[PDB]
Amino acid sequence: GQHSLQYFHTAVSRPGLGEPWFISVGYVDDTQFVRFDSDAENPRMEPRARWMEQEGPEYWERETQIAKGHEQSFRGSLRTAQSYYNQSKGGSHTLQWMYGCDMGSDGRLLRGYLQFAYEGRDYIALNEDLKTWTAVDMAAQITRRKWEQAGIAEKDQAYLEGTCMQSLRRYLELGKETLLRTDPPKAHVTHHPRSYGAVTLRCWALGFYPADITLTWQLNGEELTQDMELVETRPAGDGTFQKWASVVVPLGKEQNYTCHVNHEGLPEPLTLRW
């Protein structure tokens, strides 16, 4: 039972076509719950989870306020990164920021994090100590010295260990019936023609939550690690996830194989054969 509260920020310039595109998303575990989009007629922090709908105006006003502050900083940051890297005018550049806190099973802080990317590349990152930074290049180092001078690490550490953790537990409280739920996979194995003497056994895991799942195909104990096709875990769109794993197998010998579904929401590992 591990949790996390993460906020994602993305600023994409678009010269001659408006102010930078700023969008922010907030996540509790594998569930998005808040969002801000600079292009909305009225940019504001808005709920994206049903359990965040009983928060009242004050809450959003505040968040909307903070989001805008950051939005402005990102406008200036874009222009700044543009200079540090001396990029010509008229170009599009992205600035990304993601920070959050992981909460261990014991309910205590597991660790915090905060990092930036520019043009999709690691730029600057707060180290696991939450006191020092990792600057990727001379440009980043400039930012590093500035943040060191402003004692920003200290501020982030405080937020990451405190406020971040406080709101997480709190949002977990709000989202109880869904955030703490753990919808187990609906697993079945499907059969598929492939060749004249070989079929594809596809092991499906449906409607589970959280997204973390383990699918493996095996033949008499031995895991068929190399013959296994795995699809990236995907959102069904309704809050749960899907995933499957397949193996190429000779016709007539399907029954011999077995797939093992492992997921928090299961009393114990599943074993499917066909």
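Just count from 1 along the sequence shown to find any residue number.
Colleague: Can you let me know which of the two, 183-191 or 94-102, has the higher average C-alpha B-factor in the entry?
Modeller: The deposited B-factors put 183-191 ahead on the C-alpha mean.
Colleague: Which is higher in the entry, the mean Cα B factor of 148-156 or that of 111-119?
Modeller: In the deposited entry, the stretch with the higher C-alpha B-factor mean is 148-156.
Colleague: According to the deposited entry, which of 245, 213, 40, 206 has the largest Cα B-factor?
Modeller: Result of the comparison over 245, 213, 40, 206: 40.
Colleague: Out of 29, 238, 58, 232, which one has a C-alpha B factor higher than all the others in the entry?
Modeller: Comparing C-alpha B-factors across 29, 238, 58, 232, the top value belongs to 58.
Colleague: If you rank every modelled residue in this chain by C-alpha B factor, which third holds residue 65: lowest, middle or highest?
Modeller: Within its chain, residue 65 is a middle-third residue by C-alpha B-factor, going by the deposited values.
Colleague: With respect to C-alpha B-factor, does residue 196 fall in the lowest, middle or highest third of the chain as deposited?
Modeller: Its C-alpha B-factor, which the entry lists for residue 196, ranks in the highest third among residues of this chain.
Colleague: Sorting the chain's modelled residues by C-alpha B-factor, tell me whether residue 261 ends up in the lowest, middle or highest third.
Modeller: For residue 261, the deposited C-alpha B-factor lands in the middle third.
Colleague: Place residue 202 in the lowest, middle or highest third of its chain's C-alpha B-factors, as listed in the PDB entry.
Modeller: Lowest third of the chain for residue 202's C-alpha B-factor.
Colleague: Of the three thirds of its chain by CA temperature factor, lowest, middle or highest, which one includes residue 45?
Modeller: Middle third of the chain for residue 45's C-alpha B-factor.
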